[PDB]
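First up is the structure itself, then whatever we jot down about it.
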There are 2 protein chains.
Amino acid sequence: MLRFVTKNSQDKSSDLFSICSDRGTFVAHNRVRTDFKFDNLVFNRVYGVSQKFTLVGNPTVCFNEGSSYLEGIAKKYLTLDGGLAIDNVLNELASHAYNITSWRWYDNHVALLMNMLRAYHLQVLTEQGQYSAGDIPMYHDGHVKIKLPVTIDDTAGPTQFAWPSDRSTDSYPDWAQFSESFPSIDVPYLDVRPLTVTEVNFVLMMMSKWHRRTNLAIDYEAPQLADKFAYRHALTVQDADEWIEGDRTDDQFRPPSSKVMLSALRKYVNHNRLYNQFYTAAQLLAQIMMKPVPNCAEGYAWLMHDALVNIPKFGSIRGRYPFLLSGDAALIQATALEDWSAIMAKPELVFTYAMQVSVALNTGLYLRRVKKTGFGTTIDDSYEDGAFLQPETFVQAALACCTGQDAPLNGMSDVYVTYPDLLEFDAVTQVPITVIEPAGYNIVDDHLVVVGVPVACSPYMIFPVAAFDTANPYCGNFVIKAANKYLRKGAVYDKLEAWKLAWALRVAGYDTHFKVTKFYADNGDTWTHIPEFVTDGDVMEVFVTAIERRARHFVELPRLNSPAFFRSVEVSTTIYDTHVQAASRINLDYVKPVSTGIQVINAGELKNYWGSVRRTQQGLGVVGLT
Amino acid sequence: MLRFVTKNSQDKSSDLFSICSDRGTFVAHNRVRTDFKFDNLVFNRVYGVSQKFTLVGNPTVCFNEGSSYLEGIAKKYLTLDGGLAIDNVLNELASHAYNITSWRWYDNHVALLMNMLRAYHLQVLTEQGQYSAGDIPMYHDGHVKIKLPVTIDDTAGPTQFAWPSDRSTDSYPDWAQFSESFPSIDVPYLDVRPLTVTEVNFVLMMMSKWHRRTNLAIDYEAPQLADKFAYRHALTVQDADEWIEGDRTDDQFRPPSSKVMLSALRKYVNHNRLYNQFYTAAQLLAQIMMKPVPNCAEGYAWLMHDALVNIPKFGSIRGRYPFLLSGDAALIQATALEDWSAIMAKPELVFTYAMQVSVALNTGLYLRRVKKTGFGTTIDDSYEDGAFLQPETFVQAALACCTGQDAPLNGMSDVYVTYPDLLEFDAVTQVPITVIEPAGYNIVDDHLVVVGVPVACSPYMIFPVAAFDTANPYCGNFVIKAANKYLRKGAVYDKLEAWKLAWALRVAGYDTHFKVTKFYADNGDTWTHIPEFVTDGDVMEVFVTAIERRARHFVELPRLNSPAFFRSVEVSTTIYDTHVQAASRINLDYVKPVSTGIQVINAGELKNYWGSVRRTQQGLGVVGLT
């Protein structure tokens, strides 16, 4: 994910942002200058654009077991594939020799790593002093009032990060202390030797069942990862045990700080060599993290829609034997290693990547819906069902169709964040609406309806996004061309050319009408949504009438509508300064990972989904890392 | 004056209009189409313009004797010059031979002809049913209320044309009947043989003193033309005598109708061969007749200013001997003969020529004032005192400077209509003003002041007027050219180019601002007055800022102010239909005069002022007819 973020703008920028919330939402502000050069008369207008985001969500999570991955053990303990070298293990150690015939090796700690990630982010948020239940923004446009419900009330919601479980009200895993060389039960054991006492306590107690107490998307409900397990440690750690039996009071046993929690993460991962599984965990957390708050009224359907996540069941063989984590670690992906090094250099790469993936996902789904019609795209590709069926490649396909670069795959099989109710282009949403005054809006029975996925963000977190083959507002610059034909009342225009002209005029300060009435563009973002009527098929020409001016006008432009006054206006848009408000630039040359004691493979296996998906000219598809 | 009127537009048009009044004022409406061709995109806007006129005036008339003109007698009764051939007269017949040594021959009937002209026009006006005292229009512009006083109140003023004199309250001339061949007294006698009884009665009784009873300009006060005289007629006519001695009541002795009055005019003139004197009379009446009502507030100074007229004293030798009017009439100007034939073909040539001369006079005085500064004109000619000193060539010089064609001279020496208080460029006027709301206006002590002569009309009765050497709104068409230099806030412009641009934009529908604030142009005429500030010297460049639009907008035009959007707009204005409202086309081929029994000379004598004045390139001056 490091390559994706560092390639959205340029290899030199590498701009990162920290987590911030304000009752569950935050706003990312920008400052952008737009040019207008025509007849060697360069004009410009500098303005600020704001795209706010919300961390409130209610994703659905299913905990279903999957494949077993052993890409962290020594070379001699692995065969030519991911399967362990059982003969080597036994020629090293009996009853176990006969027992092994009945010991499946299901080692997959992705659920644990994701749990630690969300707990760390929650603790960072509460030490930042703004952790709360989280509430959706209340959007009101003079004509329509909307307010999506949330389960947990913010005011009564907790302000401090409590432990996910309860006071012994629910059962807890039967943990144990392990120091021998003989695994006694096929139940998984962990190896937490480098961890300190408090880190081990946090790990074991958070293994227990998690309860959802806030509307935060990373606060989803999760059951206990394993009913029984043991940890291979030098000493027994039992402070959390005193807490469950009802001895340690809340004040002395509180969730550990962010620094120690991140340290426990680091120790766990780089002692068990879980770089691949942690990369998968970070990918899933980034894809589940947050959604943008829509400026337009109909964009709230994106907020109401809930993702579906498939986290594999927890299993471990690392702690079963102590020599497995020794030796030379094998089959570690270079992308996973570099991503791990970067995220432990700065732990907010996940946050900035999550915001970028949210914006890219929304725009990719919407542009798939639009480019189905034939707007901007030459080839009538199978956008509907091509690479969006594969749940693991769903969000990556959306990112590829939006941005055009190689979206990083989950790196793990049978894990995905998927919107099942979004593959169809007929899917509707009933957003609650208390209409203030009647206007142009498809308001039927107190809820307007939307078709497919709407726009809820603006392509400003990722600006140079190459959505279309030709120049467009999504691209850096475009040239407004002559109309197809001019008439008395106006001129006809192609779908894309008309939208480009309307966008440029809205930035300049002109309101643009059309027939077969307004090009919508909300203030505070000044990005013109694609018109609903032109979105559908059978419409190839747009009649532009009445290019009127607005109350506030910035750049004064020719008519471009009358043949006499049309001029080849060439525009150009560049983003200058961004600052979230509820930098931190990274340096690749200082975060390079540890190549020693690690065997690194550049390529991956398509079964395990170690690759990327790129929007080819002939159609987007999955490709190998090679 | 026929050539002047028929050459203002074209030899084919020859458009004439009848007299009409509405409480002393009338309005002449037009319908004019203005073009706007640029980039091969011809645009046009059709609109109506109205220029109202007023017949109310109080001219000052001085009755001072002048030269004696004998250009109607037979050839044998004249010498090589205007002097009579006394030897021929005597070798034709004594005591008279000795008496003649004491008989000056002062024959000049111009006062009589002018009196009959004004009486005929008044009778036409009263039979039209709209004769009254006449009142000045009350102009009000939301900011300023003005109403010039008039001596005679309209409501109590007479509605029927009464006889100019009173009921024997004033003395009357001692008329007599003459039938012999011997003039008994050096007192003048008239020859009215072809006239009927009623025509003779009207002539003799109107010879008596005239009293001013209305505010009409042609109703000026005049004394009795001669204390004593006799008329050479077959029979004595004494009905007016019964009227003066108090016998004939008013009802039976009333002013004769228009037809019989015009018939008396015709008989008198073409029996006494007074074509030259009648041409002079018509010229003077046309120059005194009426003034335009000013659309702009400061233009009423033209209304307050009063002309000065020098009518020669009445004298006659035609009726002294009966053979003088016989023979071949000698020394008759072709222009006078053709003008006489035209005015007796239709008697409203005088009215249309008077309206045209009024508009041309106002515009000529104003353009002399403007072109003194250097606006539009290359040569700094002596506009102030060159040909405007000669009182007889004053109004003709104004017409020449305005229109550019040969203004017809008075054709008589020591006769003129002159504004003595107008030769100076510093002359001021105190127009009464009840100011409604304060605005841009030089209002000092209840009266704004004006400097020189203002614009009170628009060049629409005579449109193709060539005021300036270069193309201008006064000309048919002009091309708006590129600015001298363009700046951030606007562009600088020459005096004339800026005024042309402002006029074109006001016709199109754009309001034009400038600095070193508005280009004034009143509705109902949509002609833009020359700005006061640019009128004076030391100002050669005008800064044009803010070409804003108006409430009502007709032709949509490029900025012409910014270098990027400037386009070579070419305009064109043509007048289509005019109709006064309180045609009548003439046909030259049917009004050609009687060449038989008349000796016609094309040339004239500069002493007698038989010529014209043309605006030469090097300067306007009097030229001969040749």
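Just so you know, in the range B:301-322 the residues that are among the basic types (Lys, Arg) and buried (at least 19 other Cβ atoms within 10 Å of the Cβ) include one that is farthest from the chain's Cα centre (by Cα), and it is B:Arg320.
Quick check on my filter: what residues within the range A:334-390 are among the β-branched types (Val, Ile, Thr), within 28 Å of A:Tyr493 (Cβ to Cβ) and outside any loop (DSSP other than H, G, I, E, B)? Before the answer, list the steps.
Initial filter on the range A:334-390 (among the β-branched types (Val, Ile, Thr)): A:335, A:343, A:350, A:352, A:357, A:359, A:363, A:370, A:373, A:377-379.
So of that shortlist, the ones also within 28 Å of A:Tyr493 (Cβ to Cβ) come out as A:363, A:370, A:373, A:377-379.
Residues satisfying the conditions are A:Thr363, A:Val370, A:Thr373.
So, in the range A:477-502, how many residues would count as being outside any helix (DSSP H, G or I) and either acidic (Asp, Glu) or under 23 Å from A:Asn44 (Cβ atoms) (or both)? Walk me through it before giving the result.
Initial filter on the range A:477-502 (outside any helix (DSSP H, G or I)): A:477-494.
Now restrict to residues that are either acidic (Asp, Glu) or under 23 Å from A:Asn44 (Cβ atoms) (or both): A:477-481, A:494.
Residues flagged as outside any helix (DSSP H, G or I) and either acidic (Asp, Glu) or under 23 Å from A:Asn44 (Cβ atoms) (or both) within the range A:477-502 amount to 6.
All of A:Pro408, A:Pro420, A:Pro438, A:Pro432 fail the test of being surrounded by fewer than 20 Cβ atoms within 10 Å (Cβ to Cβ) and under 18 Å from the mean Cα position of the chain (by Cα), apart from A:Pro420. Residue by residue through the range A:167-185, note down the ones that are of a type in the set (S, T, N, Q) and assigned to a loop (DSSP other than H, G, I, E, B). Of everything in the range A:167-185, those that are of a type in the set (S, T, N, Q) and assigned to a loop (DSSP other than H, G, I, E, B) turn out to be A:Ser168, A:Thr169, A:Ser171, A:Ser179, A:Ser181, A:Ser184. Scanning the range A:391-423 for residues that are of a type in the set (D, E, K, R) and assigned to a helix (DSSP H, G or I) yields A:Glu392, A:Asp421. In the set B:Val580, B:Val555, B:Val534, only one residue is among the hydrophobic types (A, V, I, L, M, F, W, C), part of a strand (DSSP E or B) and either in contact with a strand residue (DSSP E or B) (Cβ under 7 Å, 6 or more places away or on another chain) or under 30 Å from B:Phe17 (Cβ atoms) (or both); that residue is B:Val580.
Condition check ((1) within 14 Å of another protein chain (Cβ to nearest Cβ); (2) farther than 30 Å from B:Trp527 by Cβ; (3) surrounded by fewer than 16 Cβ atoms within 10 Å (Cβ to Cβ)) across all residues:
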{"site": "B:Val56", "(1), (2), (3)": "no, no, no"}
{"site": "B:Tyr69", "(1), (2), (3)": "no, yes, no"}
{"site": "B:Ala74", "(1), (2), (3)": "no, yes, no"}
{"site": "B:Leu80", "(1), (2), (3)": "no, yes, yes"}
{"site": "B:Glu92", "(1), (2), (3)": "no, yes, yes"}
{"site": "B:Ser102", "(1), (2), (3)": "no, yes, yes"}
{"site": "B:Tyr106", "(1), (2), (3)": "no, yes, no"}
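Considering B:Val594, B:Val542, the condition of being surrounded by fewer than 19 Cβ atoms within 10 Å (Cβ to Cβ) and either assigned to a strand (DSSP E or B) or away from chain A (no Cβ under 14 Å) (or both) is satisfied by B:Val594 alone.
For the structure I just gave you, tell me whether A:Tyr106 is of a type outside the set (A, V, I, L, M) and in contact with a helix residue (DSSP H, G or I) (Cβ under 8 Å, 6 or more places away or on another chain).
Details: of a type outside the set (A, V, I, L, M): yes; in contact with a helix residue (DSSP H, G or I) (Cβ under 8 Å, 6 or more places away or on another chain): no.
Against the criterion (of a type outside the set (A, V, I, L, M) and in contact with a helix residue (DSSP H, G or I) (Cβ under 8 Å, 6 or more places away or on another chain)), A:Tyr106 does not qualify.
Filtered by the rule that a residue be within 14 Å of chain B (Cβ to nearest Cβ) and either under 37 Å from the mean Cα position of the chain (by Cα) or on the phi < 0 side of the Ramachandran plot (or both), the range A:19-45 gives A:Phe36, A:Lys37, A:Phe38, A:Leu41, A:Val42, A:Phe43.
In the range B:174-206, which residues are under 10 Å from B:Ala264 (Cβ atoms) and touching a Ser or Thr at 6+ places or on another chain (Cβ under 7 Å)? Let's see the steps before the verdict.
So in the range B:174-206, the residues under 10 Å from B:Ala264 (Cβ atoms) come out as B:192, B:194-196, B:198-203, B:206.
Passing the criteria: only B:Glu199.
A:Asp494 meets all of the listed conditions (1) away from chain B (no Cβ under 14 Å); (2) of a type outside the set (A, V, I, L, M); (3) farther than 24 Å from A:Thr377 by Cβ but one, namely (3).
Of everything in the range B:551-591 that is loosely packed, with under 13 Cβ neighbours inside 10 Å and among the basic types (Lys, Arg), the residue that is nearest to the other protein chains (Cβ to nearest Cβ) is B:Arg552.
Would you confirm, using the coordinates I've provided, whether B:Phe63 is away from chain A (no Cβ under 14 Å), surrounded by fewer than 20 Cβ atoms within 10 Å (Cβ to Cβ) and among the aromatic types (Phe, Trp, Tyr)? Taking the combined requirement at face value, the residue satisfies it. Just to be sure, is A:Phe519 within 14 Å of chain B (Cβ to nearest Cβ) and among the aromatic types (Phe, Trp, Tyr)? No.
The set of residues in the range B:44-92 that are closer than 30 Å to B:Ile575 by Cβ and in contact with a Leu (Cβ under 8 Å, 6 or more places away or on another chain) comprises B:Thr54, B:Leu55, B:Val56, B:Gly57.
Quick note: the coordinates plus some simple rules give every number you see, no bench work behind them. In this analysis, Cβ positions are derived from the backbone assuming ideal geometry, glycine residues included, and neighbour counts consider all displayed protein chains.
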